[PDB]
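*Asks:* Chains as they are written, first to last, in the entry's author numbering: chain B, 517 to 535, 563 to 663; chain B', 517 to 535, 563 to 663; chain B'', 517 to 535, 563 to 663; chain G, 31 to 58, 66 to 136, 151 to 185, 189 to 309, 312 to 321, 321A, 322 to 354, 357 to 395, 412 to 458, 465 to 504; chain G', 129 to 136, 151 to 170. A prime marks a further copy of an entry chain. Note that beta-carbon positions come from the ideal geometry of N, C-alpha and C, so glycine has one too.
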Ligand SMILES: *[C@@H]1O[C@H](CO)[C@@H](O[C@@H]2O[C@H](CO)[C@@H](O[C@@H]3O[C@H](CO)[C@@H](O)[C@H](O)[C@H]3NC(C)=O)[C@H](O)[C@H]2NC(C)=O)[C@H](O)[C@H]1NC(C)=O
Ligand SMILES: *[C@@H]1O[C@H](CO)[C@@H](O[C@@H]2O[C@H](CO)[C@@H](O[C@@H]3O[C@H](CO)[C@@H](O)[C@H](O)[C@@H]3O)[C@H](O)[C@H]2NC(C)=O)[C@H](O)[C@H]1NC(C)=O
Ligand SMILES: *[C@@H]1O[C@H](CO)[C@@H](O[C@@H]2O[C@H](CO)[C@@H](O[C@@H]3O[C@H](CO)[C@@H](O)[C@H](O)[C@@H]3O)[C@H](O)[C@H]2NC(C)=O)[C@H](O)[C@H]1NC(C)=O
Ligand SMILES: *[C@@H]1O[C@H](CO)[C@@H](O[C@@H]2O[C@H](CO)[C@@H](O)[C@H](O)[C@H]2NC(C)=O)[C@H](O)[C@H]1NC(C)=O
Ligand SMILES: *[C@@H]1O[C@H](CO)[C@@H](O[C@@H]2O[C@H](CO)[C@@H](O)[C@H](O)[C@H]2NC(C)=O)[C@H](O)[C@H]1NC(C)=O
Ligand SMILES: *[C@@H]1O[C@H](CO)[C@@H](O[C@@H]2O[C@H](CO)[C@@H](O)[C@H](O)[C@H]2NC(C)=O)[C@H](O)[C@H]1NC(C)=O
Ligand SMILES: *[C@@H]1O[C@H](CO)[C@@H](O[C@@H]2O[C@H](CO)[C@@H](O)[C@H](O)[C@H]2NC(C)=O)[C@H](O)[C@H]1NC(C)=O
Ligand SMILES: *[C@@H]1O[C@H](CO)[C@@H](O[C@@H]2O[C@H](CO)[C@@H](O)[C@H](O)[C@H]2NC(C)=O)[C@H](O)[C@H]1NC(C)=O
Ligand SMILES: *[C@@H]1O[C@H](CO)[C@@H](O)[C@H](O)[C@H]1NC(C)=O
Ligand SMILES: *[C@@H]1O[C@H](CO)[C@@H](O)[C@H](O)[C@H]1NC(C)=O
Ligand SMILES: *[C@@H]1O[C@H](CO)[C@@H](O)[C@H](O)[C@H]1NC(C)=O
Ligand SMILES: *[C@@H]1O[C@H](CO)[C@@H](O)[C@H](O)[C@H]1NC(C)=O
Ligand SMILES: *[C@@H]1O[C@H](CO)[C@@H](O)[C@H](O)[C@H]1NC(C)=O
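Encoded structure:
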């Protein structure tokens, strides 16, 4: 529908992967209807985080929240040239909810500093 | 689903508030289905105005349309340090449709000035 | 629902045109339900291309892919001051899928050059 | 001297085990409502996941439990507009037939187009669909449930169903040949839909299916546990050859205004016995193949016997052939401890199919002669506890496990945060 | 219904009637 080409490099390192109409309530129609609703729900579910973090229309957006070393103690050579995006998630999956809240407020405080900056 | 935390400061001043699967057409299933469709409809209903005004991914975006004093004659101390976002809407709810059209075209004329600027 | 005002200048030149609730599965209810789903599907269908090309919230976004003259050999006076957006599509409709892939990767390579630039 | 900051990445190769709704796709009508499925992509794209090993489990899949409910819904949805046989639950007066397969010639009073008038019509009923009252007989279903006879225009022709995953989800296909069905798989690729899976309902023998690329592969959960069903998958298909020889005729009654019960007319020609032929020295050649693989898990002599006993659907090779539902006796197939072999089959008209709580279908008599040819690609045995295996099969959902063992549904989590030396200026 | 009273407020009746059965031609 979109693409599973992102998934091509699921075993590659993090540095390599990153670099008709009419509705009929038949058993297949109800099946194919929820698939259409379940797609736009899961799509906007991710797309509203990108918007609220100030990253809509971006694939790679840099933030302003420093990397708290308690989230991971590994080196940049141990991450981007060793771990895969699939296993790196399992190591950091505890702090993902703790990180998503910091990127959410780093964008919020950046917005009020701009409304004071452009007022000159 | 998202958050009603925005609503925490509904009585605060404008300067304080701003600062499983499977579908079954049972009576609850049809009820819970429209709630899912009514969410993505009302969400994009607001999100397309933000996009067409050149403010997607933004919480506070400054525009280029000057404040016509006929919309409100109050002072900046009478607004941000007195009125709440709930009552300020009732005072300006007449010109909201008249303002939403100016922000819509201020973005449109900004786009053609950029296509002439980046051509150098 | 949105606007067919874009369509006002369907015969104009390219330079002129550019410049209640409750769900009931009655025959009309199922009809009006898919219209609601078919709208948000076709809307995001276009809106995800704008996002993946780095053009979300934009009406006119300049890119970095040069114009391969094999797509069209006409002059800028033959295009913007002669052809209409309706007939220009028929002339270029062969390479539209070939162009949409270049704008997709021009944005992708721009993202990795920014993550190296802002690292200084 | 690092200065690392959180960086958001959209579109990272990471997924999550999840269950969702799978919609159907088909190629260029029957009970499976394939006219309602979207057209399949003529070039089914497949993306290979190099360096990826994923853990599958064909026995704790949800594609099975979901397809099983879809076929039952496809079955019941197709019988909604068909004629109810409530008035056919009258007192039958039956006699025998001619000077195994017993057939009766039963006369009964029946309604007509007008409520006040009746008709004395007669029909043929197979002995298996009818019990004696104590010669006054009775339809075997009237005491537990009503019966809806099939609309004679629909067909039970099993045609390939493509199960697809929604946008934002994915399906992981294990491509390792000798894949046990459970555990890690070293050759994993992702697909949007599965292959063409035919909903072929059968017992003991799996007809018309996917073969093993080499060496007869055997699948189960706890092999040491005998209560867990074993599923064999043959490498070379032995061909079964079935036919109902009797030249039947269709006699259409009219049990009401628009309601036409199709009764079994006369038997033109000889009266023979419905049966199936499979090749000896080929079932024997492919049974020593299943044999040497059963001993790789059980050290020991292995024995083959017949079914345990009980219902007819449980203890027979029940399947479909040209429209009528055969019930073949496979005691002559599983009878060897490690030219043809003919299986006497009976034919029923009152079938319950999904073993549901009181719902049957009257299979109308197909006029003419019936004959079908089916590959035997799979098997399902049942150990006791001299390691004997009787042809059982357990449940019906194991049919769909034999074809879904390669697939697994996962959801995409394209969001990932990782430290970089860039800072938003 | 063919009803009689009950025993030698809340009145209860004991009613006998003809009723259909599993077979259309027979009654009970
Ligand atoms: C055992 O069962 C068989 C059912 O499969 C009976 O029918 C015979 O099957 C043979 C196998 O298909 C047929 O021969 C085939 O003929 C076609 C036509 O030319 C060829 O393509 C095949 O290669 C060929 N196969 C072989 C192995 O030769 C026979 O034609 C068919 N019989 C008849 C009368 O047509 C067998 O009769 C049955 N045997 C016994 C002893 O019961
Ligand atoms: C399953 O079994 C049936 C019957 O046992 C097989 O059908 C047989 O197919 C052969 C194929 O050649 C037929 O032979 C030909 O018959 C025609 C017409 O009579 C004749 O003109 C030819 O010279 C030749 O003899 C044979 O008649 C036919 N038999 C019947 C009863 O239909 C069928 O092929 C088997 N399917 C398999 C093994 O897959
Ligand atoms: C296993 O697969 C084979 C082939 O895919 C199945 O044989 C097929 O059987 C059907 C009938 O059940 C045949 O189709 C129909 O025949 C009738 C009768 O003439 C006709 O009216 C229809 O128009 C249609 O032709 C079909 O020809 C036949 N296929 C072959 C190759 O002979 C078999 O039934 C399957 N087994 C099971 C258990 O599903
Ligand atoms: C409907 O009829 C069947 C067939 O007679 C019943 O199953 C029988 O139950 C009686 C119990 O008295 C046994 O004696 C028979 O041996 C059973 N027959 C078979 C084939 O198992 C079934 O119980 C009846 N259903 C109901 C609800 O009474
Ligand atoms: C029954 O099995 C035979 C043999 O595997 C199948 O015939 C094969 O079909 C494939 C697909 O077209 C071909 O690539 C092979 O060359 C065929 N083999 C032979 C020996 O002809 C047949 O399609 C199967 N039929 C069913 C209904 O499953
Ligand atoms: C089964 O019996 C029927 C008769 O009940 C046969 O039907 C006849 O078939 C011949 C074919 O040459 C036709 O010319 C006749 O008109 C048919 N009769 C009727 C009444 O339709 C049928 O042929 C038999 N089936 C087989 C396989 O022989
Ligand atoms: C089943 O029995 C009935 C008897 O009720 C048979 O109908 C008779 O058929 C003969 C032969 O054509 C006629 O002469 C009689 O007049 C028929 N009687 C009635 C009452 O219709 C019927 O043929 C039998 N069915 C079969 C398949 O043999
Ligand atoms: C299936 O067929 C076999 C024979 O092919 C039947 O076997 C007989 O079963 C009876 C009942 O137990 C025994 O007394 C006989 O000795 C068996 N004869 C043999 C093995 O040659 C069997 O009954 C059939 N089963 C069904 C359900 O029809
Ligand atoms: C039909 O009903 C009559 C009584 O109304 C009965 O005498 C006759 O035997 C019945 N015929 C049948 C059941 O075939
Ligand atoms: C199937 O094979 C796998 C090999 O990875 C093994 O771990 C598992 O125990 C086997 N299970 C059975 C039932 O044979
Ligand atoms: C995976 O399967 C493909 C299928 O052709 C094969 O070419 C490849 O060698 C296999 N790789 C492994 C590691 O088994
Ligand atoms: C089982 O095999 C034995 C020995 O070959 C044979 O005597 C017997 O008839 C067979 N039973 C069946 C049902 O084929
Ligand atoms: C049942 O019907 C018969 C007539 O068919 C009648 O004589 C009898 O009284 C009825 N019994 C009841 C209503 O209990």
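#1: From residue 251(G) to residue 261(G), what distance separates their C-alpha atoms?
#2: Suppose only complete runs of 4+ residues qualify. What are the alpha helix (DSSP H) ranges in the segment 568-631 of chain B', listed by chain order?
#3: Identify the residues that DSSP records as bridge partners of residue 193(G): which are they?
#4: Between residue 547(B) and residue 647(B), is the Cβ-Cβ spacing less than 9 angstroms?
#5: By Cβ distance below 6 angstroms, which residues in the same chain neighbour residue 452(G) in space, the five residues on each side in sequence not counted?
#6: As a quick check of your reading: which residues have a C-beta less than 7 angstroms from at least one non-hydrogen atom of ligand 11, in chain order?
#7: Taking Cβ positions, are residue 74(G) and residue 216(G) nearer each other than 9 angstroms?
#8: Flag residue 577(B') as yes if its beta-carbon sits less than 9 angstroms from any beta-carbon of chain G, otherwise no.
#9: According to DSSP, is residue 91(G) part of a helix, a strand, or is it coil?
#10: Reducing DSSP to helix, strand and coil, say where residue 153(G') ends up.
#11: If I measure Cβ to Cβ from residue 445(G) and keep anything under 8 angstroms in the same chain, skipping five residues before and after, which residues do I get?
#12: Please report how far the alpha carbon of residue 293(G) lies from the alpha carbon of residue 479(G), in whole angstroms.
#13: Between 44(G), 107(G), 34(G), which has its C-alpha nearest residue 51(G)'s C-alpha?
#14: Taking only three categories from DSSP, how would you classify residue 649(B)?
#15: I'd like the span of the beta strand (DSSP E) that includes residue 290(G), first residue to last.
#16: Report whether the distance from the Cβ of residue 275(G) to the nearest heavy atom of ligand 10 is below 8 angstroms.
#17: Below 8 angstroms, is the gap between the Cβ of residue 341(G) and the nearest heavy atom of ligand 5?
#18: With DSSP as the reference, label residue 427(G) as helix, strand or coil.
#19: Assuming the contact rule is C-beta atoms closer than 8 angstroms, residue 483(G) and residue 95(G) should be a hit. Round their C-beta distance to whole Å, please.
#20: Provide the residue span of the alpha helix (DSSP H) that contains residue 111(G), from first to last.
#21: Within a Cβ cutoff of 7 angstroms, which residues of the same chain sit near residue 268(G), ignoring the five residues on either side of it in sequence?
#22: So, helix, strand or coil for residue 366(G), using DSSP?
#23: Going by DSSP in three states, residue 166(G) sits in which element: helix, strand or coil?
#24: Between the C-alpha atoms of residue 528(B'') and residue 621(B''), what's the straight-line distance to the nearest angstrom?
#25: Residue 99(G) to residue 158(G), Cα distance in whole Å?
#26: Just curious, the beta strand (DSSP E) that residue 506(G) is in, first and last residue?
#27: For ligand 4, enumerate in chain order all residues having a CB closer than 5 angstroms to any of its heavy atoms.
#28: Alpha carbon to alpha carbon, how far is residue 606(B') from residue 662(B)? Give it in angstroms, no decimals.
#29: Nearest CA to the CA of residue 450(G): which residue from 266(G), 112(G), 387(G), 279(G)?
#30: Find the residues of chain G that neighbour residue 565(B'), judging by a C-beta separation of less than 7 angstroms, and give them in chain order.
#31: Among residues of its own chain, excluding the 5 on either side of residue 532(B), which ones have a beta-carbon nearer than 8 angstroms to its beta-carbon?
#32: Thinking just about the alpha-carbon of each residue, which of 360(G), 193(G), 363(G), 255(G) is nearest to the one in residue 166(G')?
#33: Does any CB atom of chain G' fall closer than 9 angstroms to the CB of residue 162(G)?
#34: With distances taken from CA atoms, which of 330(G), 66(G), 357(G), 317(G) is nearest residue 419(G)?
#35: Roughly how many angstroms lie between the CA atoms of residue 263(G) and residue 177(G), to the nearest whole one?
#36: Answer yes or no: does any C-beta atom of chain B' fall closer than 9 angstroms to that of residue 598(B)?
*Replies:* In short:
#1: In a straight line, the C-alpha of residue 251(G) is about 12 angstroms away from that of residue 261(G).
#2: Runs of the alpha helix (DSSP H) lying entirely within the segment 568-631 of chain B', each at least 4 residues long, are 570-595, 619-622 in chain order.
#3: As a beta-bridge residue in DSSP terms, residue 193(G) pairs with 181(G).
#4: Position 535 is followed directly by 563 in chain B, which means residue 547(B) is not present among the coordinates.
#5: Non-local C-beta neighbours of residue 452(G) in its own chain, meaning closer than 6 angstroms and more than five positions away in sequence, comprise 286, ordered along the chain.
#6: Residues with their Cβ less than 7 angstroms from any non-hydrogen atom of ligand 11, running along the chain, are 229(G), 230(G), 240(G), 241(G).
#7: A contact, by the Cβ cut-off of 9 angstroms.
#8: Answer no: the Cβ-Cβ gap between residue 577(B') and chain G never drops below 9 angstroms.
#9: Here residue 91(G) sits in strand by DSSP.
#10: Residue state for residue 153(G') is assigned as coil, using DSSP reduced to three classes.
#11: Apart from the 5 residues on each side of it in sequence, residue 445(G) sits with its Cβ closer than 8 angstroms to the Cβ of 296, 297, 378, 379 in its chain, given in chain order.
#12: CA-CA distance, residue 293(G) to residue 479(G), rounds to 21 angstroms.
#13: Answer by Cα proximity: 107(G).
#14: Helix, per DSSP.
#15: Start and end: 284-306.
#16: Yes, ligand 10 has a heavy atom inside 8 angstroms of this Cβ.
#17: Checking the 8 angstroms criterion, the Cβ of residue 341(G) is out of range of every heavy atom belonging to ligand 5.
#18: Note: residue 427(G) maps to coil in three-state DSSP.
#19: With a Cβ gap of about 7 angstroms, residue 483(G) and residue 95(G) count as contacting.
#20: Residue 111(G) -> alpha helix (DSSP H) spans 99-116.
#21: Cβ neighbours of residue 268(G) beyond the five flanking positions: 231, 289.
#22: Coil, per DSSP.
#23: The answer is coil: DSSP assigns residue 166(G) none of H, G, I, E or B.
#24: Spanning the two alpha carbons is a distance of roughly 14 angstroms.
#25: Between the C-alpha atoms of residue 99(G) and residue 158(G) there is a straight-line separation of about 49 angstroms.
#26: Absent from the structure is residue 506(G), since the part of chain G shown begins at 31 and ends at 504.
#27: Qualifying residues come out as 197(G), 198(G).
#28: Approximately 11 angstroms between the Cα atoms of the pair.
#29: Of the listed residues, the one whose Cα sits closest to residue 450(G) is 266(G).
#30: Within chain G, the residues near residue 565(B') are 51.
#31: Counting only Cβ-Cβ distances below 8 angstroms, and skipping sequence neighbours, we find 525.
#32: Residue 166(G') has its Cα closest to that of 193(G), out of 360(G), 193(G), 363(G), 255(G).
#33: With 9 angstroms as the cut-off, residue 162(G) counts as an interface residue toward chain G'.
#34: When each option's Cα is compared against that of residue 419(G), the closest is 330(G).
#35: In this structure, the alpha-carbon of residue 263(G) lies about 31 angstroms from that of residue 177(G).
#36: Chain B', which has a Cβ nearer than 9 angstroms to the Cβ of residue 598(B), makes this yes.
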